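Look below for two forms of one protein chain, each set out as C-alpha cells: first structure 1, then structure 2.
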Structure 1
C-alpha cells in the first residue's frame, strides 16, 4: 500500500520540525492507562526522527470521543505524555491545547531535539468536522473554521509524518488536511499495512471474522463489504443485540441498540446466505441492572429475553460453545471487539473463553489477527500477545482494510 507513497525512511528530517499524527487513543480505567501498546508502537518513528537530526517532533492525537467540546477532566492526553517519557528515554513537553497562538509559539522555533505532545484534537469540532455542544445538541463545523484549524496544525512542523494506523480509516483534519510539501507514512503505518497486505492477499480458508465491541453504529456498516471476503462471521458483544431484536423479536432491555443498523439487518443476513457465510450470533447472556462494574447480575437466553431495565454485558456458556465451534473450523481469523465488557470481571468470562480458543487455534496452525484499542488489551490482560499471529494497533482501521479499501490517512500521503 505504500510503494507509491513517501515514507519516513526516505524523508530528510535533518534540521526540520516534524509534526506527526499518532494514534495515542489508549484505554483508561480508574483514570490511568491500562495498555500502552499504541504509545510504544509509535516509538520507532519518533526515535528515528530524533536520531536523524530532527529539530523537534510535535505529536498530535485524539483520545476517546469528546465530540468537539474541551473535556480535559475526562479525555486529556496529559497522562500519555508521562508514559511516553519512560518509553522514549527522553523528555516530553505537554501543551494544554493543539492550536492557537500559544501552541504556535511553543512549536515555532523549539530547542534542538524537543518532543512536544499536544492536547486532544477532538476538543475542537474542526478535527472530525462535526460533534456535539456542551448541552448535547449535535453541531457541524463551519468550513472556514476547518481550514483555519488545518492551517494552524500545518504551522507546527516543516514536514509531516502520519504514524496513526489505528486512526487511518478516519478522514479527519489531522489525518488528511495538513498542508506541507512532504507528507510521509511512518514505520508503524508501514508495518501494519505490510502485514495485512500479505495476510489478506490469499487468506487461509475458512476465513472467520469476529466482530464484537461497542462501536455498533460505525461497525454494523462494515459488514456488507466484509461479507464478500470471509466465510464465517461471529457477531457478538454489543453488536449482537441489534440483530437479535430484529431477527428473533428478542427483548433486549437497555442493551446497546442501533436504530439505523436495525434497518439493514435482514438485508445483511440475506447477503450472508447468498454468499455462503455462516453467521454465529450468541444465544445466552450475562445481564446487569446498570452499566457498572458492581451491578447486580443475572442470566438470560434469546428465548427468555432480557428483562426491562437490564442489559446484556457478556455472552453465556452456550454462546461460548458456538463461538468455539467456529474458531475450530477456521484457518484464518480477524477479531475486532470483545464479546463482553471484559474490563469488569463479572462480564469477562466470554471474552476469556474466546481468547483461550483463539490461542489454541494458533497453536495448531491458524493465522490469528487480533486488533483494536480495547481488543488488544485483552491480549495484554491475559498474556497472549505472543500466542497469536499478530496483535494490531488497528481495530476499525483493520476491518476497513478487510473490506478492501484504501484508507484515507494513507491516500493523503505524498506520492513518490
Structure 2
C-alpha cells in the first residue's frame, strides 16, 4: 500500500525523520515521554541497519511560528532521547537554513541529530501569529524554501509522527524526497485502528467520554456504524440523560447544540442494534473543585442542583464492567470522570482495571491518545492494554472516518 521502513534500504543513507515529540511539559521539564519512546524502534532500526544519520524533526506546543526557545524548545527532548537511546543526540538550535544544512550534509556514520522546534517557523504550519499576537500567513516562496531546506537534510524520508498525521504541515506532507516511508509507529498505529474499524473482533465496544457532545457528533455517528456496543460517559452523558431521560442534572455540563441531535443519534443506535450504556449513578460535587464536598446521585434522584456530577458511581462502574466483559475488542477514547482529581477518578480507575482485565483474557484493547493515554501513565498500565495510542487528535480523525494527510503523502508500495 504505502512504503514502510521495513522495506526501505537505509544503509549508508541519511534519514530525515518526522516524529511527534510534542510531549507534555512543565518548566521545561518533560512530564510524559511516551511519545519519545514510541519512536525509538524506528530510530534503532535505522541505526542497526547502517543509516549514516538520523535527523529528527518535530514541533512542540504551539509557538505559532515565532522562536520561543525558553518555552517551547526541544532541547529537553534531546536530553531525554539520549537517555532512552543510550546514544548521543546532537541538538541543533534551528531546523532549516545553511548552518543546519552543513551539519546534516554528511555526518559521521550513526549520527543522531535532533532539530529545534519546527514551529518556530511560520512556514511549517503555513500560518501563525506575529510576535504581537496578530494572525499571519506564510508566504509561498518561503514555504517552498522551508520545505527545500528540510529536504536537504536526508537522502530518504520517514514519517513516524502518527500524532501529527492529521496535520498537512510542511514537515509532514511537503518533503521533496522520492522515497517517503511510514515508520514503525505510524504502521503500528494504523494497523490497530484499521483492524478495529474495518475488521473488528466482536462484540466491538466503544467507550466514548469527554466534556461536550457537539464536537463529537461525527465520531459518535461513525462509530455507531462500526460498533456493537457503546458506552457514553463523562460530562457528555448529561446531555443524553437530560434529553432522553428527563434527568435533573443540576449544574452539570450541558451541551445545547448537542442536545438537538441526541435523539437522532440514539435512533441510529437502535436501528443499528447498538447497545448504549449511559451512566446510572454519579459522584456529585457542590462546586467544580478538586476539594469540593461530594455526594451521590442516581438518574432517578437527580443531581440536587446546582451540584454537578463529576464521576460515575459504583453501579455505573458495574454496568461498564459488564459491557467490557462482553467485548472482544474495545476502543476507549475519553475518561468517564474528572480523573485529574482523586475524588472523581474512581470511575476511570475502575474502568481501567476492567480494561486491563479484558486484555489479560485476550480482548483487543485500544486506548486513544490524549487523556486516556495519560491515565495509562498515571496508573502504570501501558504494558497492560493492547495499544496505547500516541495520537489523540489524529486517532479521533481516523475514528471519524477521515483521511490522514500525513499517511497520504507517503510513497506507494
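The term rigid core refers to the maximal set of C-alpha atoms that superpose within 1.5 Å between the two forms. Numbering follows the first chain given and starts at 1.
Q: Where the C-alphas switch from fitting one rigid part better to fitting the other, that's the hinge; pick which of 364, 89, 137, 201 sits there, comparing between structure 1 and structure 2.
A: At the hinge: 201.
Q: How far, in degrees, does the smaller rigid part rotate relative to the larger one between structure 1 and structure 2?
A: Interdomain rotation between structure 1 and structure 2, rounded to whole degrees: 29 degrees.
Q: After superposing on the rigid core, how many Å does the CA of residue 381 move between structure 1 and structure 2?
A: After core superposition, the C-alpha of residue 381 moves 2.1 Å between structure 1 and structure 2.
Q: Could you tell me how many Å the Cα atom of residue 213 shifts between structure 1 and structure 2 when the rigid core is held superposed?
A: Core-aligned C-alpha shift comes out at 7.6 Å.
Q: Once both forms are fitted on the core, what is the Cα shift for residue 29 between structure 1 and structure 2 in Å?
A: Taking the core as reference, the C-alpha of residue 29 is shifted 1.8 Å.
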